[PDB]
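Trainee: Before I ask anything, here is the structure I am working with.
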Amino acid sequence: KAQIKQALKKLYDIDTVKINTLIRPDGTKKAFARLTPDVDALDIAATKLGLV
Amino acid sequence: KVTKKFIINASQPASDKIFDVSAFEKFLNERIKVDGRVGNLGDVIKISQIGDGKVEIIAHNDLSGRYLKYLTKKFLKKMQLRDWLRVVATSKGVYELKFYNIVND
Amino acid sequence: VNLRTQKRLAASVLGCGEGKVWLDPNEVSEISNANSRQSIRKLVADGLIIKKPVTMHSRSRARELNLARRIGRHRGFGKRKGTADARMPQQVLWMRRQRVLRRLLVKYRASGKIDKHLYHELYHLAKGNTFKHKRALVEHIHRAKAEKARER
Amino acid sequence: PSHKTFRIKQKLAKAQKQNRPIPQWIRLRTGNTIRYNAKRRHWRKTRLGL
Amino acid sequence: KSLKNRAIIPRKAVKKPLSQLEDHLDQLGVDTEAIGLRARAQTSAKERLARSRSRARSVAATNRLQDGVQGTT
Amino acid sequence: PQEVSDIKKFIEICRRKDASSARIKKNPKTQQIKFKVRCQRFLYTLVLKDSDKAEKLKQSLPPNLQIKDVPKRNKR
RNA sequence: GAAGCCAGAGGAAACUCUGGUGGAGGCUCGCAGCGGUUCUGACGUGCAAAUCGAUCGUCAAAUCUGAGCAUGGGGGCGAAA
RNA sequence: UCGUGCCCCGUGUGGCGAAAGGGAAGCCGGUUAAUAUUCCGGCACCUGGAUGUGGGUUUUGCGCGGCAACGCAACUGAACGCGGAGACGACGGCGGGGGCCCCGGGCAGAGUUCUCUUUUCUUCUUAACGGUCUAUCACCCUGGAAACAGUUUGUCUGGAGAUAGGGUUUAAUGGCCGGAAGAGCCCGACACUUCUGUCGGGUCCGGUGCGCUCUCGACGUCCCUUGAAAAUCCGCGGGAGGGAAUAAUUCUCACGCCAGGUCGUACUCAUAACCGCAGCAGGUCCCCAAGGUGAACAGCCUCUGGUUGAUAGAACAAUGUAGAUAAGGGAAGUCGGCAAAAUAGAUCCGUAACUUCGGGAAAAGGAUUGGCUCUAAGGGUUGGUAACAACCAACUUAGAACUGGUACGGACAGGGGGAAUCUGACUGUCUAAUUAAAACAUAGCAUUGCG
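Residue numbers (PDB author numbering), protein chains in the order written: chain LX, 105 to 156; chain LU, 16 to 120; chain LR, 2 to 153; chain Ll, 2 to 51; chain CH, 510 to 552, 582 to 611; chain Lk, 2 to 77.
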């Protein structure tokens with residue numbers, strides 16, 4: 105989780121309050137990273153991630 | 016001595032001439048029982064009409080609005096209006112008779 | 002049209018069994034168009050899905066039979082099936098009688114009707130089972146007082 | 002069971018990813034001899050042997 | 510009444526038919542057209587993401603069986 | 002949650018910088034009023050009757066602290 | 001219904017009798033569980049390479065049972081077939 | 001500067017091995033098509049670290065009080081030691097508490113209504129975490145008891161200090177309060193293409209118990225059986241060092257700051273998700289367990305919750321499988337009463353031989369059992385011959401009259417009994433898949449070897 109939050113901060117300048125991780129049945133890890141209330145995850149996904 | 020006031024409002028069916036307020040008053044006078052026996056109103060329970068299709072009850076005993084609703088439903092079953100009229104408690108001691116929800120077919 | 006998913010969702014929303022879920026048979030199409038719990042709650046608010054009331058189970062005959070057994074009915078030999086000790090244990094009866102007698106003795110000792118030594122003798126006699134119940138203990142106390150007054 | 006180790010879950014992950022029919026573009030290749038998945042696995046039929 | 514196996518649906522949970530109530534009041538002898546039962550009888583990024591959610595619940599993103607082949611023939 | 006019975010103690014709790022918010026819960030059936038201040042580790046509740054003493058307590062609370070009234074329905 | 005305990009009537013005492021209390025026993029009827037006595041039983045290419053029905057034994061323990069571990073064939077284990 | 005040297009302790013010196021043993025700490029509400037004590041909202045706790053504020057202590061340096069049990073929010077504690085917790089069997093009854101079950105009144109809703117039924121049913125809830133007031137045992141003070149007393153269902157306690165009077169304390173799943181009504185639930189009136197909801201009223205007051213289940217506590221019984229260990233935490237002995245008014249603090253006190261990594265989490269757990277070649281009447285370890293009859297988690301019927309799945313339709317021959325009946329005789333049948341029938345619950349009268357005196361024994365043999373209306377007996381609390389009044393409550397036991405009858409444990413459930421002989425002491429065990437037994441084992445007895 106610390107490596108994930110460090111990678112997010114280094115790549116997209118994203119700060120998080122908490123991260124939950126689970127290993128999927130297909131074998132890959134999935135992370136739910138909750139952002140700080142100051143920044144908008146919809147805005148981040150629209151601009152940096154292109155998730156519209 | 017404490018007193019309790021009950022209102023049975025049949026204004027809309029009385030205006031529709033489906034519900035007979037005088038017949039309901041006679042039914043209440045004949046069917047309200049005090050100490051387990053009917054025809055024992057005396058000075059305990061007063062039944063009157065305050066007009067506009069309403070029945071008003073003074074009770075010095077522990078008469079229940081649930082019992083009054085039960086007798087109202089008994090009268091509606093006798094008059095074959097049980098399947099079409101509902102007695103809804105709208106206030107403290109006020110039971111109002113109104114039509115069920117009707118769908119236009 | 003298949004409505005197993007809608008019935009399961011309606012049961013989970015209403016907090017009841019799936020046998021208590023009523024789906025309107027004239028609105029099957031827009032019930033099937035509901036694929037989410039929000040839509041299920043919307044149909045519940047619209048009245049297309051209702052929760053059926055509980056199936057009838059009354060206690061009236063049980064209460065009437067209990068009142069009959071209170072007034073004494075159905076207690077005959079043809080009604081009895083267990084042994085006398087199974088129906089009412091002699092140990093329980095002895096426990097109740099001993100507790101009642103000891104409570105009455107300590108009450109009389111507190112009230113001062115009986116003194117300490119006569120209380121001790123009554124306690125030993127009660128443990129030795131000469132007192133069948135309270136009025137037996139009371140008449141024993143009264144005759145003891147009468148003998149003491151006659152001696153004095 | 003629900004209580005499983007990382008190695009066992011990783012082997013199950015590989016088995017679940019391998020449990021698939023062959024793609025339809027495989028059959029259209031020239032000189033293709035594969036017609037189905039001869040190593041296809043089902044939970045009821047054959048055990049994994051872990 | 511089928512009270513042995515199941516309970517009766519409450520009358521307030523079922524909307525009463527106007528024609529049936531008309532027939533019942535007619536058989537008991539009440540002038541229904543004088544009281545008018547017909548009138549009483551009833552009868582942006584967030585937008586793009588919601589559209590993406592609606593597409594996600596409706597059409598699968600990929601088709602591993604048929605993505606490698608294109609053209610209907 | 003802790004209940005404070007002293008007005009001065011409640012004022013000293015509300016003057017803390019850790020206190021982020023305060024709310025007023027009115028119980029008209031019981032004829033009472035509850036002042037609840039949220040701190041880092043504990044939520045402090047002070048209970049009065051509906052009175053001018055609570056009315057003046059409302060402005061004797063520090064101005065920088067946010068104060069809100071509890072609505073009748075808690076919307077999620 | 002075993003000790004222990006209480007009361008009364010005796011007996012010089014030691015002891016005797018009566019009425020209670022008490023809740024012990026590799027005791028007992030019997031539900032579950034465990035087991036498998038009997039039926040011209042069912043079944044006999046069976047539901048089953050040992051199952052089904054009724055009946056039966058036991059059921060507070062030498063009772064039943066899970067997991068971890070140990071004993072490995074010239075062997076082990078065996079209330080001993 | 002230290003990354004180099006100097007001391008001290010040296011009895012001792014590894015790892016693996018339990019998703020049911022030990023163990024730091026999270027509850028409620030809502031949310032998904034599928035996850036939730038993990039997400040969201042609210043409200044908390046634990047561990048580790050850093051670090052201030054307030055308060056406490058201090059020139060009588062490391063607190064004060066009560067006879068005391070021991071309290072109060074703080075109260076320096078090194079090496080070396082002591083003690084406690086972790087840390088414990090099985091069984092029997094007794095008492096308290098939580099939950100479930102049962103009864104009554106009240107609001108709202110639903111059902112019934114030929115007749116009767118002030119009726120029948122449904123919601124009426126309060127978590128973790130805290131504060132406050134109480135609750136077994138035990139301990140502390142006055143005082144010294146035979147005419148012995150106190151006391152339990154159960155006979156134990158007391159001059160090694162009882163009764164009584166007065167207190168301190170471990171123990172709540174108890175009362176009140178915060179959480180917290182703003183939640184959840186029930187009802188009503190509007191709005192409502194959807195998006196979406198909005199606003200009102202409540203969520204109250206009692207009683208009962210040889211009831212079921214869990215937990216706690218004081219007891220008592222059994223052993224030639226005496227019913228784990230470790231990690232970890234705490235207290236005490238001791239006083240090594242550290243300690244100030246410049247202000248200090250080696251304050252386990254309140255408040256405030258930071259962080260908490262890895263792995264598992266779906267679903268089934270079985271007449272279809274496991275094994276048996278199978279979607280096989282087989283087998284496979286647990287938790288929760290409503291109402292009526294009844295002694296009863298016996299058999300039968302019902303509520304919540306689940307199913308209505310195991311090829312169907314028609315006809316009703318023989319012979320079958322399973323269930324029954326049969327006039328008269330009652331084992332004449334058969335190798336053989338095989339099978340079936342008969343007995344059966346409960347109350348009362350009564351019960352022989354033999355015997356290891358414990359048993360036999362439910363021996364044997366008899367009388368009765370429905371319904372209705374009554375009678376009598378068995379209790380609790382409060383209050384200065386109180387042997388009296390008021391209030392409240394539940395299940396048993398016995399007696400009487402009336403009455404229907406072919407029946408009265410009306411279905412269900414449920415010993416046939418006896419006279420003997422052989423045999424093994426008994427309880428127990430084995431030939432899984434033909435033999436459960438006079439076989440094996442058992443306690444008791446006897447012999448041999450070993451310092």
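The C-beta atom is built at its ideal place from N, Cα and C for all residues, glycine as well.
What is the rounded straight-line gap between the Cα of residue 78 of chain Ll and the Cα of CH:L587?
Mentor: Since the first residue of chain Ll shown is 2 and the last is 51, residue 78 of chain Ll is not available in this structure.
Trainee: Anything in chain CH within Cβ reach of LX:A145, meaning under 9 Å, just list it in chain order.
Mentor: Chain CH residues near LX:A145: none, gap ~10 Å exceeds 9 Å.
Trainee: Could you name the residues of chain LR that CH:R515 contacts, counting a contact when the two beta carbons are closer than 8 Å?
Mentor: Per Cβ cutoff of 8 Å: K53 and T56.
Trainee: So the beta strand (DSSP E) Lk:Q33 belongs to, where does it begin and stop?
Mentor: Counting along the chain, the beta strand (DSSP E) containing Lk:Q33 begins and ends at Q33 to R39.
Trainee: When you compare the CB positions of LX:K133 and LX:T120, do they come within less than 9 Å of one another, or not?
Mentor: No. Outside cutoff.
Trainee: Just mark LU:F39 as buried or exposed, buried being the case when its beta carbon has 16 or more other beta carbons within 10 Å.
Mentor: Buried.
Trainee: With H, G and I counted as helix, E and B as strand and the rest as coil, what does DSSP make of CH:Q608?
Mentor: Here CH:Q608 sits in coil by DSSP.
Trainee: Looking at chain LU, is there any beta carbon in it that lies within less than 9 Å of the beta carbon of CH:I518?
Mentor: With 9 Å as the cut-off, CH:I518 does not count as an interface residue toward chain LU.
Trainee: Using only alpha-carbon positions, find the residue among Ll:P24, Ll:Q11, Ll:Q17 and Ll:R28 that is nearest to Ll:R42.
Mentor: It is Ll:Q17 whose Cα lies nearest to the Cα of Ll:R42.
Trainee: Which stretch, first to last residue, makes up the beta strand (DSSP E) that contains LU:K20?
Mentor: Counting along the chain, the beta strand (DSSP E) containing LU:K20 begins and ends at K19 to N24.
Trainee: Starting from the C-beta of Lk:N28, find all residues in its chain whose C-beta is less than 8 Å away, skip the five residues before and the five after it, and write them out in chain order.
Mentor: Result list for Lk:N28: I34 and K35, in chain order.
Trainee: Could you tell me whether any Cβ in chain CH is nearer than 9 Å to the Cβ of LU:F42?
Mentor: Taking Cβ atoms only, chain CH never reaches closer than 9 Å to LU:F42, which makes this a no.
Trainee: Go through its chain and collect everything with a Cβ distance to LX:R128's Cβ below 7 Å, but skip five positions before and after it.
Mentor: The answer, listed in chain order, is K134.
Trainee: State the Cα-Cα distance for the pair Lk:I25 and LX:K105, rounded to the nearest angstrom.
Mentor: Cα-Cα distance, rounded: 40 Å.
Trainee: Write down the C-beta distance between Lk:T31 and Lk:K37 rounded to the nearest angstrom, noting that I regard them as a contact closer than 8 Å.
Mentor: Not quite, the Cβ-Cβ distance comes to about 16 Å (not below 8 Å), so this is no contact.
Trainee: DSSP puts Lk:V48 in a beta bridge; with which residues?
Mentor: The partner list for Lk:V48 (beta bridge, DSSP) reads Lk:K35.
Trainee: In the DSSP assignment, find the unbroken alpha helix (DSSP H) run with LU:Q95 in it and report its ends.
Mentor: Per DSSP, LU:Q95 belongs to no alpha helix (DSSP H) and is neither H nor E.
Trainee: For CH:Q604, return the contacting residues in chain Ll, with the cut-off set at a CB-CB distance below 7 Å.
Mentor: Result: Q25.
Trainee: Hey, LR:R110 and LR:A127: beta-carbon distance below 9 Å or not?
Mentor: Not a contact, by the Cβ cut-off of 9 Å.
Trainee: Is the stretch 62-81 of chain LU touching the stretch 21-30 of chain LU, taking contact as three or more C-beta pairs under 8 Å?
Mentor: They touch, by the three-pair rule.
Trainee: Give me the Cα-Cα distance between LR:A145 and LU:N76, rounded to the nearest whole angstrom.
Mentor: The straight-line gap from Cα to Cα measures roughly 54 Å.
Trainee: Can you list the residues of chain LX that CH:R586 reaches, using a CB-CB cut of under 7 Å?
Mentor: Result: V156.
Trainee: Using CA coordinates, which residue listed in LR:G16, LR:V45, LR:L49 and LR:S37 is at the minimum distance from LR:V29?
Mentor: Nearest C-alpha to LR:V29: LR:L49.
Trainee: I'd like to know whether the C-beta atoms of LU:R46 and LU:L86 end up nearer to each other than 9 Å.
Mentor: Taking 9 Å as the Cβ cut-off, LU:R46 and LU:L86 qualify as a contacting pair.
Trainee: CA-CA distance, residue 154 of chain LR and LX:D142?
Mentor: There is simply no residue 154 of chain LR to check, as chain LR begins at 2 and stops at 153 in what is shown.
Trainee: Which one or two residues does DSSP pair with LR:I72 in a beta bridge?
Mentor: DSSP lists no partner for LR:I72.
Trainee: With a threshold of 16 other CB atoms inside 10 Å of the CB of Lk:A55, please say whether the residue is buried or exposed.
Mentor: So Lk:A55 counts as buried.
Trainee: How about LU:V118 and CH:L527: are their beta carbons less than 9 Å apart?
Mentor: For LU:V118 and CH:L527, yes; Cβs fall inside 9 Å.
Trainee: When DSSP labels each residue in this structure, what does LX:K105 get in the three-state scheme?
Mentor: Coil at LX:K105, not helix or strand.
Trainee: Would you mind listing the alpha helix (DSSP H) stretches within the stretch 6-51 of chain LR that are 4+ residues and don't spill past its ends, in chain order?
Mentor: Within the stretch 6-51 of chain LR, the complete alpha helix (DSSP H) runs of at least 4 residues are 29-33 and 38-47.
Trainee: Going by C-alpha to C-alpha distance, which of LX:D117, LX:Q107 and LX:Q110 sits closest to LX:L153?
Mentor: Cα-wise, what sits closest to LX:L153 is LX:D117.
Trainee: Could you name the residues of chain LR that CH:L530 contacts, counting a contact when the two beta carbons are closer than 9 Å?
Mentor: Neighbours of CH:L530 on chain LR: none; closest Cβ ~18 Å, over 9 Å.
Trainee: Is any beta-carbon of chain CH found at less than 9 Å from that of LX:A137?
Mentor: For LX:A137, the answer is no, since every Cβ of chain CH falls outside 9 Å of its Cβ.
Trainee: What does a CB cutoff of less than 8 Å around LR:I32 pick up in its chain, not counting 5 residues either side in sequence?
Mentor: Hits under 8 Å: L4, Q7, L24, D25, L44, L49 and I50.
Trainee: Taking the continuous alpha helix (DSSP H) assigned at Ll:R8, which residues delimit it?
Mentor: Where Ll:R8 is concerned, the enclosing alpha helix (DSSP H) stretches over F7 to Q19.
Trainee: Cutting at 6 Å between CB atoms, please list the residues of its own chain near LU:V109, excluding the five before and the five after it.
Mentor: Same-chain partners within the cutoff: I22.
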